Amino acid sequence: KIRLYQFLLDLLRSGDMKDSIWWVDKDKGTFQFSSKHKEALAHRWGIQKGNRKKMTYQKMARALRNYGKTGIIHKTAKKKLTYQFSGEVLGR
DNA sequence: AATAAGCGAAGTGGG
DNA sequence: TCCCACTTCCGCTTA
Ligand code: NA
């Protein structure tokens, strides 16, 4: 099964949900979710995973928090809904 | 208050 | 056995 960071990177590369997520500085790997349209993207994540319950942005962000300990994805301080892929994730 | 967002122990998958 | 990679639940804090 695809991992959450790869799901998000693939969305950013494809442009398929441009109203829900976008690059802020692609060279740095920084991206941001839409306040108003993030739930649609969270829903897609849960459907792609085949999870039992409906996925919410809150649950998806709880998973993202675990990446922050390992550095896979860092949450940008002093910003909302903004994150940054590690250099390793971006190299493929 | 209402709403949004940040923060951070037990249950489920698939090894 | 016991870790992976989240998922779900619960609830407090900050804006
Ligand atoms: Na526990």
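Chain identifiers are assigned alphabetically (A, B, ...) following the order of the sequence lines, protein sequences preceding nucleic acid strands; residue numbering begins at 1 within each chain. All heavy atoms count here, side chains included; hydrogens, waters and symmetry mates do not.
In the hydrophobic cluster analysis, where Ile, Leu, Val, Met, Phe, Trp and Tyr join through side-chain heavy atoms closer than 4.5 angstrom, A/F31 is grouped together with A/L90.
Residues satisfying the side-chain contact (heavy atoms from CB on, under 4.5 Å) criterion with A/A61, sequence neighbours excluded, are A/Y57, A/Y83. Under the side-chain hydrogen bond (donor to acceptor under 3.5 Å, both in side chains) criterion, A/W23 pairs with no residue, sequence neighbours left out. Under the side-chain hydrogen bond (donor to acceptor under 3.5 Å, both in side chains) criterion, A/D19 pairs with no residue, sequence neighbours left out. Shown here are the side-chain contact (heavy atoms from CB on, under 4.5 Å) partners of A/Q58, two or more places apart in sequence or in another chain: A/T56.
Each salt bridge (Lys or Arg N to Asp or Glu O under 4.0 Å) pair with one or both residues in residues 37-48 of chain A, not counting sequence neighbours, appears once here: A/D16-A/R44.
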Checklist entry - Run the side chain to side chain contact (heavy atoms under 4.5 Å, CB included) check on A/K49 and A/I2 step by step: do they pass? => result CA-CA 8 Å; A/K49 281 290 294 292; A/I2 297 299; over 6 Å; no
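Atom NZ of A/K54 is separated from atom NE2 of A/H43 by 4.0 Å, given to the nearest 0.5 angstrom. From A/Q48, atom CD reaches atom CG of A/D10 across 8.0 Å, with rounding to the nearest 0.5 Å. In this structure, CG in A/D25 is found 12.0 Å from OG1 in A/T82, a value given to the nearest 0.5 Å. Summarising the geometry, atom CZ belonging to A/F7 is positioned 7.5 Å from atom CE belonging to A/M60; distances are rounded to the nearest 0.5 Å. Between the CE atom of A/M17 and the CG atom of A/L41 there is a distance of 5.0 Å, given to the nearest 0.5 Å. To the nearest 0.5 Å, atoms CH2 (A/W22) and CG (A/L11) are separated by 13.0 Å.
Distance alone, capped at 3.5 Å, places no donor-acceptor pair between the A/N51 side chain and the A/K53 backbone.
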Please tabulate, for the side chains in residues 66-78 of chain A, all donor-acceptor contacts under 3.5 angstrom to protein atoms that are two or more places apart in sequence or on a different chain.
{"residue": "A/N66", "atom": "OD1", "partner": "A/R62", "partner atom": "NH1", "Å": "3.1"}
{"residue": "A/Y67", "atom": "OH", "partner": "A/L4", "partner atom": "N", "Å": "3.3"}
{"residue": "A/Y67", "atom": "OH", "partner": "A/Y5", "partner atom": "N", "Å": "3.0"}
{"residue": "A/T70", "atom": "OG1", "partner": "A/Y67", "partner atom": "O", "Å": "3.1"}
{"residue": "A/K75", "atom": "NZ", "partner": "A/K79", "partner atom": "O", "Å": "3.4"}

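Annotation for A/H37 and A/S20: closest pair O-OG, 2.7 Å, computed over non-hydrogen atoms.
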